[PDB]
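A.B. asks: Quick one: this structure, given as structure tokens, is what I'll be asking you about.
All Cβ positions, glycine included, derive from the backbone under ideal geometry; neighbour counts span all protein chains shown. Just so you know, all these numbers are worked out from the coordinates, no wet-lab data involved.
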Amino acid sequence: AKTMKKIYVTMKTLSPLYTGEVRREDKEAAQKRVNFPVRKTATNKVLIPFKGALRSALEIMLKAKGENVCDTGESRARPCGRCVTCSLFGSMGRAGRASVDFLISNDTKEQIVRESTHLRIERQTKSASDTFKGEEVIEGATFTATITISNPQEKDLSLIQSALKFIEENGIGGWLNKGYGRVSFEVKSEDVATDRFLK
Amino acid sequence: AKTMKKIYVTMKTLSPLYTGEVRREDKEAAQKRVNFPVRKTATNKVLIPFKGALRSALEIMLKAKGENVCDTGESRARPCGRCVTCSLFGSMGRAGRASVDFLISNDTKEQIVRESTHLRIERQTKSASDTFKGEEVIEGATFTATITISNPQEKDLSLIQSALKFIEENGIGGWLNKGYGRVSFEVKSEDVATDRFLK
Amino acid sequence: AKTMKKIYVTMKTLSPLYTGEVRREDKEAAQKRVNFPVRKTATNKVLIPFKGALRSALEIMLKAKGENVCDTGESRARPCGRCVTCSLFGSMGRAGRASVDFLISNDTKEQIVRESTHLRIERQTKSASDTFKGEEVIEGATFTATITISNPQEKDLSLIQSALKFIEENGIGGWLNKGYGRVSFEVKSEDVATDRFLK
Amino acid sequence: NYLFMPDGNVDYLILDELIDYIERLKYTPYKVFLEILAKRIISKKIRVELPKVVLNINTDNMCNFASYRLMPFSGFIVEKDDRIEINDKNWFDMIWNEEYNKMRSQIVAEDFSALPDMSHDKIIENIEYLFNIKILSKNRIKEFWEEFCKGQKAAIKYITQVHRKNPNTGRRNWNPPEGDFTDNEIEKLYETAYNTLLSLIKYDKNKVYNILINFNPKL
Amino acid sequence: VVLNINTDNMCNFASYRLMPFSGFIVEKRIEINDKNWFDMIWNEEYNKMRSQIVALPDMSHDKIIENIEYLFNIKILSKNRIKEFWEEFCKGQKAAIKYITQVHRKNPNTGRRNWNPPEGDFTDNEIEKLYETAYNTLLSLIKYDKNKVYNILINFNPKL
Amino acid sequence: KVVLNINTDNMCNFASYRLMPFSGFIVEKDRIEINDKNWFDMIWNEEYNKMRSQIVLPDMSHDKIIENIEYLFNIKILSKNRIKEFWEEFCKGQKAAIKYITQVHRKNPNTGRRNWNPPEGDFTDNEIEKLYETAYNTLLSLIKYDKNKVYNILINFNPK
Amino acid sequence: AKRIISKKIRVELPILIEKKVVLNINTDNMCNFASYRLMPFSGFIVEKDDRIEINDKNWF
RNA sequence: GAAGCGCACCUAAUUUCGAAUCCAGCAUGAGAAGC
Ligand SMILES: [Zn+2]
Ligand SMILES: [Zn+2]
Ligand SMILES: [Zn+2]
């Protein structure tokens, strides 16, 4: 409790990135022009959910390794509370110690979000049977997050860095199967004392 | 789920290759100089979609074999999910196990991207009735992609390689009827563990 | 949809050939050395457009026969979609069944491409007025192209062979009225399956 | 290195004897932080200063003009999250076109301000048939109720937008039916959806709301 | 407060008459000036500062509607053409005039204008008359204000 | 009478004229009023909430009911919130409670999700579907009883 | 290098000098048009060798 | 065996599509102390 781990995460896109609008009003205002808008701030900066990506990464690798790690991905699945990812990201009775911030971009939509034309091609005619327009974040766009771990253990840095390498492999956001979301992570960790703000 | 199949493909370009700029901003910036821009990255590398080509190859070939494969290429076609291409490349209800990256170039624009003059000739006059300008990818250009299959089966690598040979017969993107897109693929396949990042 | 037609086309050049360089950078880097560069690859092999020559040939013969074909080679002319050249080589709604590869030389530009002095001579003084330099493919050079028809009908092979005989009679490439580009063709058809790559 | 004669290298100095001291340092100062004496120090080939990240995103044409060089630019300063940027007229034209497109998107036609007849039983039968073959889907019924609550004119406009067979493509915006059908049955089912929605357009709001809860309970 | 702006295209929303509007507030007395005034003042200042350092055909609205209907049916005025003319109209009247002049210009070395060719069995004199009709129609559409051009062209290219 | 309901604060100075890019709506009434989007969002919500204003027994043993509800409370299908909601429904009639168990037990055609809480444990999928079924029969038979017995039986499992 | 060191210039035989940009104009009178904090300004881009700076009509 | 020449011109536009579909549920806590 006298120390806190702070992981500054600097992510850079190697592929085009899509995650989706979640606010119904901005989706409606954008779906007059764009069928798939990116999730944006009101300050015009792209957000990418981060806690679910790290948590899903850690449950897949820790279930492949063989540890007694629960699955919170199933429909209304209750977390157990006695596993590693329940300690790090949360349980029913205890909040997760790793407060994972959103992946806020460094830049703004007019520099990173580009409208895009996607297609659906008939397999016999080779003609565009369908098309749609989705916004997408460019390659080389830089995103900043901060993971704040309270009462840290020894393995938390290794767990977060391994989950980031899994996200580098598999992608973040949506449309991961068609090639979107391939990123790189740079980690600057630092142990702080919880009484740093007190003058 | 403990194992995962990584398929590293390197596409050597043997004919010219046109893929199309999907980004309206990049098109409008580039349609003052060339009429058919190449799909490029913001890091100035060529982007080619890969999941749709492998999917279309597998549906054409497996419909020709007589296997139960739904045609997703028809307009507003809903995948059934009880297919074999639906397991690899997704359905309405289950994501595809084969996450297929974009074919990003090893080199950059101004090293593999060239800017070309195309023509249209009167048949009774043999004079240039129309001229346009396109952007094309040179021959010998190497592209790398990685296909990660999450719950691997035995048929996945053979189906992906088959589909690749169909692309070497037909073409990867753009104007496949006039000769563009004839390419070759080199495949390196490995079966990694899912807990290879967890330390 | 179950079978597919391969026409393997081997063309032997019988009079010197000139297809022009299309790439602006390749034409600009050669203008101090040759005024007329030949269309080549980055692997230094000669590239000839073939789909347009076959389409123009079939339009000319089928229009002179009296069958209903569209004259696509007029400026910005939309193909009709109901003629057999629209079936073989495409329309704006349906792609061509006959995907026609480029004519790729079997040898390198060092073995088959030579520089040349073309003249313009005054008629009264019988003297050299203008001198210019071209690149020409020598006679005896061998080019290969594979024509793949996706939904083969009965008459498509005969239509391609009649267009090849027309191209032998007229010429391919440029400078056709000066005697350039007279070729010979050796078609090798083959009815392959569409599912032959499936193991 | 900041000096306020130290023999070691001095990158910056913070200040005719001044000139003598400055020349007396080993090497030479890169910048000195000092009027006429500053320009005299300039005459000894040494730089002077005389005491959010700013980003000039602009084209460039330079007129030397006076001793100071310039570039005429009336423009815009944009304050952002951690940076301040400078843009020209074209940026403001682009944001003006995007905002003006966003404006007309709003207040379209008459929001919240010539139809066939068929019985209520017929309407439940046709919506119940087209629910189960995936033409009148839940998204379709939702946007039906959204365009209906803004008036009958908006609902006629949206129905004529969905049912419009585009002469370039021959594709109506309906969801294609699920099951084995030939083409003529597919257009007849689309015309059935046309007539059913245009006939419930004539009904009152509580006779529509009660017909679309048993297909969309989150209307 | 003085309006000093257009008051057509004034739609009905419930018991109110509204208009989606986008403009400037000038405190001088109080002037709600539009983008026309702003481009005039911007040119004034830029021209002023730069030195410090150193006819439309009159065609009726119903005709306009009939003519763009006819040229859209025969594909001379297409959705891409209307969309590009709309973007060039958003940059000003002079830029759009340039645009339609570049489209209409018969190139003396080819005899080709940048219009899409007509769909139909028209002879070359009729094709030239329909191109002149397209030039006169869009060039008369240039003279109208922005909301009226948007209203005419939104019935033709919905994705404007 | 032009009344400016735009904030006259935050206004720049360009070309010796103060100015502020505006983006709102003009409203006819005596007054030609200038309102912002917030006003149109408020009016849109008021008219939308003015249009949405017009919005109109296999009895088993008592011991079975107790044993079933004991098992479902232990395996976490019939929880405290669902018992409280069922009690509020039974406290507004039996037909309401019919509709409530119909709503919770309604398997979605597309997803195959019933709105019960997944059973805690390691049961198989057919066992999970039969457990949702006996939740349906147990609650539906409890609607057939009267208010006193339903009250005393649910207060053992939800003390509120 | 000896003669250069005698002429008082440094030599290495094989100091964060950043060419910043200076605003030099008020930003208090900003406004929100379409999710951007903008102010139209009239000025000059002066290109002093130490730093780029932006100035008003007063400076010219 | 020598020598000259190795250059010019046009065109670089146009069109279609930019939609559709599924979900919006749960669960825990309802007290504990003073004055
Ligand atoms: Zn757990
Ligand atoms: Zn399927
Ligand atoms: Zn045709």
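A.B. asks: Of everything in region B:82-106 that's part of a loop (DSSP other than H, G, I, E, B) and hydrophobic (A, V, I, L, M, F, W, C), which residue is farthest from ligand 3 (Cβ to nearest atom)?
C.D. replies: Filtering region B:82-106 for residues that are part of a loop (DSSP other than H, G, I, E, B) and hydrophobic (A, V, I, L, M, F, W, C), the one farthest from ligand 3 (Cβ to nearest atom) comes out as B:95.
A.B. asks: Conditions first: (1) hydrophobic (A, V, I, L, M, F, W, C); (2) within 18 Å of the chain's Cα centre (by Cα); (3) not in a strand (DSSP E or B). Residue D:78 passes all but one, so which condition is the exception?
C.D. replies: (3) is the only condition that residue D:78 fails.
A.B. asks: Condition test on residue B:96, is it surrounded by fewer than 21 Cβ atoms within 10 Å (Cβ to Cβ) and either within 16 Å of ligand 1 (Cβ to nearest atom) or not β-branched (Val, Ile, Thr) (or both)?
C.D. replies: Here the answer is no, as residue B:96 does not meet what is asked.
A.B. asks: Checking residue B:120 against (1) more than 16 Å from ligand 3 (Cβ to nearest atom); (2) part of a strand (DSSP E or B), which single condition isn't satisfied?
C.D. replies: Status for residue B:120: all satisfied but (1).
A.B. asks: Can we say residue E:27 is touching a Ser or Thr at 6+ places or on another chain (Cβ under 9 Å) and surrounded by 15 or more Cβ atoms within 10 Å (Cβ to Cβ)?
C.D. replies: Taking the combined requirement at face value, the residue does not satisfy it.
A.B. asks: Residue D:45 passes all but one of (1) charged (D, E, K, R); (2) facing another protein chain (nearest Cβ under 7 Å); (3) closer than 30 Å to residue D:22 by Cβ; which number fails?
C.D. replies: (2)
A.B. asks: Please work out if residue E:151 is of a type in the set (S, T, N, Q) and within 13 Å of the chain's Cα centre (by Cα).
C.D. replies: Yes.
A.B. asks: Next question, about the same structure. Going through D:202, D:188, D:207 one at a time, which residue ends up being in a loop (DSSP other than H, G, I, E, B) and either away from chain B (no Cβ under 14 Å) or not hydrophobic (A, V, I, L, M, F, W, C) (or both)?
C.D. replies: D:202
A.B. asks: Moving to a separate point now. If residue D:63 meets every condition in (1) touching a helix residue (DSSP H, G or I) at 6+ places or on another chain (Cβ under 8 Å); (2) surrounded by 14 or more Cβ atoms within 10 Å (Cβ to Cβ); (3) farther than 19 Å from residue F:23 by Cα apart from one, which number is that one?
C.D. replies: Looking at each condition in turn, residue D:63 falls short on (2).
A.B. asks: Something else now. Which of the residues spanning region F:104-150 are under 27 Å from residue B:79 (Cα atoms) and in contact with a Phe, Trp or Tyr (Cβ under 6 Å, 6 or more places away or on another chain)?
C.D. replies: F:114
Conditions tested, residue by residue: (1) basic (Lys, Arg); (2) in contact with a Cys (Cβ under 7 Å, 6 or more places away or on another chain); (3) part of a loop (DSSP other than H, G, I, E, B).
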{"residue": "C:28", "(1), (2), (3)": "no, no, no"}
{"residue": "C:52", "(1), (2), (3)": "no, no, no"}
{"residue": "C:55", "(1), (2), (3)": "yes, no, no"}
{"residue": "C:61", "(1), (2), (3)": "no, no, no"}
{"residue": "C:80", "(1), (2), (3)": "no, yes, yes"}
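A.B. asks: Kindly provide the set of residues from region D:109-136 that are of a type in the set (S, T, N, Q) and either surrounded by 15 or more Cβ atoms within 10 Å (Cβ to Cβ) or not in a loop (DSSP other than H, G, I, E, B) (or both), ordered by number.
C.D. replies: Passing the criteria: D:113, D:126, D:132.
A.B. asks: Going by the conditions given, is residue C:126 over 21 Å from the mean Cα position of the chain (by Cα), more than 14 Å from chain B (Cβ to nearest Cβ), under 23 Å from residue C:26 (Cα atoms) and among the charged types (D, E, K, R)?
C.D. replies: The answer is no for residue C:126.
A.B. asks: Which of (1) among the hydrophobic types (A, V, I, L, M, F, W, C); (2) within 7 Å of chain D (Cβ to nearest Cβ); (3) more than 10 Å from the chain's Cα centre (by Cα) does residue G:23 not meet, given it meets every other one?
C.D. replies: Checking residue G:23 against (1) among the hydrophobic types (A, V, I, L, M, F, W, C); (2) within 7 Å of chain D (Cβ to nearest Cβ); (3) more than 10 Å from the chain's Cα centre (by Cα), the one that fails is (3).
A.B. asks: For residue D:173, indicate whether it is closer than 18 Å to residue E:155 by Cα and part of a loop (DSSP other than H, G, I, E, B).
C.D. replies: yes
A.B. asks: All but one of (1) more than 9 Å from chain D (Cβ to nearest Cβ); (2) surrounded by 12 or more Cβ atoms within 10 Å (Cβ to Cβ) hold for residue G:40; state the number of the condition that does not hold.
C.D. replies: (1)
A.B. asks: May I ask you to list the residues in region F:48-69 that are of a type outside the set (A, V, I, L, M, F, W, C) and either part of a helix (DSSP H, G or I) or within 12 Å of chain D (Cβ to nearest Cβ) (or both)?
C.D. replies: F:48, F:49, F:50, F:52, F:53, F:54, F:62, F:63, F:64, F:67, F:68
A.B. asks: Look at region A:53-76 and say how many of its residues are of a type outside the set (A, V, I, L, M, F, W, C), out of contact with any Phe, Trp or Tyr (no Cβ under 6 Å at 6 or more places or on another chain) and within 14 Å of ligand 1 (Cβ to nearest atom).
C.D. replies: 9
A.B. asks: Test of understanding: among B:81, B:96, B:134, B:90, which residue is over 18 Å from residue A:121 (Cβ atoms) and either facing chain C (nearest Cβ under 10 Å) or out of contact with any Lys or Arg (no Cβ under 7 Å at 6 or more places or on another chain) (or both)?
C.D. replies: From the options B:81, B:96, B:134, B:90, the qualifying one is B:134.
A.B. asks: For region F:18-38, does any single residue satisfy the condition of being in a helix (DSSP H, G or I) and either within 13 Å of chain D (Cβ to nearest Cβ) or not hydrophobic (A, V, I, L, M, F, W, C) (or both)?
C.D. replies: Within region F:18-38, one or more residues are in a helix (DSSP H, G or I) and either within 13 Å of chain D (Cβ to nearest Cβ) or not hydrophobic (A, V, I, L, M, F, W, C) (or both).
A.B. asks: What number of residues within region B:40-67 are surrounded by fewer than 19 Cβ atoms within 10 Å (Cβ to Cβ) and within 14 Å of chain C (Cβ to nearest Cβ)?
C.D. replies: Residues that pass the stated criteria total 4.
A.B. asks: All but one of (1) buried (at least 21 other Cβ atoms within 10 Å of the Cβ); (2) touching a helix residue (DSSP H, G or I) at 6+ places or on another chain (Cβ under 8 Å) hold for residue B:18; which doesn't?
C.D. replies: (2)
A.B. asks: OK, next. Condition check: of a type outside the set (A, V, I, L, M, F, W, C), more than 9 Å from every other protein chain (Cβ to nearest Cβ) and touching an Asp or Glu at 6+ places or on another chain (Cβ under 8 Å). Does residue G:2 satisfy that?
C.D. replies: It is false that residue G:2 is of a type outside the set (A, V, I, L, M, F, W, C), more than 9 Å from every other protein chain (Cβ to nearest Cβ) and touching an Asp or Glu at 6+ places or on another chain (Cβ under 8 Å).
A.B. asks: Here is a list of conditions, (1) of a type in the set (A, V, I, L, M, F, W, C); (2) away from chain A (no Cβ under 13 Å); (3) within 14 Å of ligand 2 (Cβ to nearest atom), and residue B:113 meets all of them except one; can you say which number that is?
C.D. replies: Going through the list (1) of a type in the set (A, V, I, L, M, F, W, C); (2) away from chain A (no Cβ under 13 Å); (3) within 14 Å of ligand 2 (Cβ to nearest atom), residue B:113 breaks only (3).
A.B. asks: If you go through region C:164-198 one residue at a time, how many are surrounded by fewer than 18 Cβ atoms within 10 Å (Cβ to Cβ) and hydroxyl-bearing (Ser, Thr, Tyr)?
C.D. replies: Number of matching residues: 2.
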